[PDB]
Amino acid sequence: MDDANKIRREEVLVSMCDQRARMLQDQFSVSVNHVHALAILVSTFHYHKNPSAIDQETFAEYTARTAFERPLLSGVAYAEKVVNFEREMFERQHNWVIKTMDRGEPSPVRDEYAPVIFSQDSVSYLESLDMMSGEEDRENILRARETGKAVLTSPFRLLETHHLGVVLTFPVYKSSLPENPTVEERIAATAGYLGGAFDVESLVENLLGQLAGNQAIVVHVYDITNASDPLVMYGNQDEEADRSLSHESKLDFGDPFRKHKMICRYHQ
């Protein structure tokens, strides 16, 4: 009840929330950095090396053995850019058809596609799926290749698991990319897309659930890219929580196109 004890109660909330935000941000940053390395791996060992050192078996092995490097990711995969003019050739070479993500059916005719050719076994169900056949993934692919940098989706329910998460995508370019490229040049030089699923629902719960004092606190994370349309990224927004006091902790997941925040309250 005490007013002095209430001041310390807020102090503890601030400290607990800020620490959890720092942990989330750092672990995401670590994962993004190692995804960047994998993009460079595909460029160096698949494209530049004659012949390629990377087949599906090799990609699976290397990503499984390095899974610890990418803590908030459920899996990574590499999608190759395929223009329609090339599709029949691509399918014949690979001995499979490009499929849609919603039903795993043969893709209808599209101007281009992003079929997954390499996958971590944890996301093996992505193999042959056109990652341009989901809207979140399509928008990410385009912004990745146009900006040259890592990009994040809005929160959505991921394939197979239906877990609420976000996808991270990095562009991979051909050696023909000019120095100081225009966006038009980036697009022309695009080889493909190295992506990873941040399974927020499962893996952030796992992270937070092991911390001392977790039962005392309610943690929510929001995508606030659009001020007037905040989107839940993590948490049950409306569970029994202490309505009188909250704290907002800063989060920066590294994509200037997106904005995020964490909000913590006590249970009772």
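Throughout, we count residues from 1 along the sequence that is shown.
Unmodelled residue 241 in at least one third of other entries with both flanks present: In at least a third of the comparable entries (those modelling both sides of it), residue 241 has no coordinates.
Stretch with the greater mean C-alpha B-factor as recorded in the entry, comparing 217 to 225 against 37 to 45: Going by the record's values, the stretch with the higher mean is 217 to 225.
Mean C-alpha temperature factor, higher of 13 to 21 and 245 to 253: Between 245 to 253 and 13 to 21, it is 245 to 253 that shows the higher mean C-alpha B-factor.
Per the PDB entry, maximal CA B factor within 189, 123, 89, 72: Out of 189, 123, 89, 72, the record gives the largest C-alpha B-factor to 72.
Most elevated Cα B-factor in the entry, residues 196, 178, 171, 115: Going by the entry's C-alpha B-factors, 178 comes out highest.
Ranked C-alpha temperature factor of residue 54 among modelled chain residues, by third: Lowest third of the chain for residue 54's C-alpha B-factor.
B-factor third for the C-alpha atom of residue 66 within its chain: CA B-factor rank for residue 66: middle third.
Residue 102 by Cα B-factor - lowest, middle or highest third of the modelled chain: It belongs to the highest third of the chain when residues are ordered by C-alpha B-factor.
Assigned third (lowest, middle, highest) for the C-alpha B factor of residue 60: Within its chain, residue 60 is a middle-third residue by C-alpha B-factor, going by the deposited values.
Modelled-residue ranking by C-alpha temperature factor, third containing residue 137: Answer is lowest: the recorded C-alpha B-factor places it there.
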